[PDB]
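A single chain comes next, written as structure tokens; it is the form deposited without 4-(2-hydroxyethyl)-2-methoxyphenol (VTL).
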């Protein structure tokens, strides 16, 4: 069934599972036309498919050519997402296939269920967590690969860098969600908190800076302050 805060530790047990977020699949800019009407222009998107235990991210880049000459693009995007997740599962060896796929938006349930009929033992579930995965495109190296793509492409990342050498997957996911929530709430300020100290850098093969354990405590506290600050500005508190 649904996934929430009561069964939160289930994300870090030994049953393979993937989160699928479709927020960034169909992305557009809205603009005026010469005649004063409004038009959309699509830009490249991505499917965010994440294993929360290992940090493995299957980023399928959605190139704007997939929309050419198609109708009802917001509906099509859900079915394209489900098509691509199904193709990913079929490409994995049996012992790597998930036992559960958790979708961040309930509108993905029927498209994914229909594309996965051949896998009746893979559970397709919603979640009551409000997960900030839309902010993935605020991670510079992810945004760069998506915008430079000239054709469909799958790129593999570990979204936890090397953190699991030092912390549990529960703690790593909690850190990721806090970082993404901060980037979603005030991107510029979060990026400034993450990059202000120039002596701490991002390794070529990483997504985030090489903070020590104590520096991650400081960063996490700065991110929580940013979020609370923004909540106060929003609601006049």
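Numbering follows the first chain given and starts at 1.
Keep in mind that the form solved in complex with 4-(2-hydroxyethyl)-2-methoxyphenol (VTL) is not shown, yet the notes after this line are about it.
- request: Report open or blocked for the site once 4-(2-hydroxyethyl)-2-methoxyphenol (VTL), placed as found in the bound PDB entry, has been superimposed by the C-alphas surrounding the pocket (blocked: 3 or more ligand atoms within 2.4 Å of a backbone or C-beta atom; open: none).
  value: After the site C-alphas are aligned, the pocket of the shown chain is open to the transferred ligand.
query: residue 134: heavy atom within 4.5 Å of 4-(2-hydroxyethyl)-2-methoxyphenol (VTL) in the bound PDB entry?
result: Result no; residue 134 lies far from 4-(2-hydroxyethyl)-2-methoxyphenol (VTL) in the bound PDB entry.
task: Please run the contact check for residue 147 against 4-(2-hydroxyethyl)-2-methoxyphenol (VTL) in the bound PDB entry: heavy atoms, 4.5 angstroms, yes or no?
output: Outside the cut-off, so no.
- request: For the stretch 148-171, return the residues whose heavy atoms include at least one within 4.5 Å of 4-(2-hydroxyethyl)-2-methoxyphenol (VTL) in the bound PDB entry, in the order they occur.
  value: In sequence order, 156, 157, 158 come within 4.5 Å of the partner.
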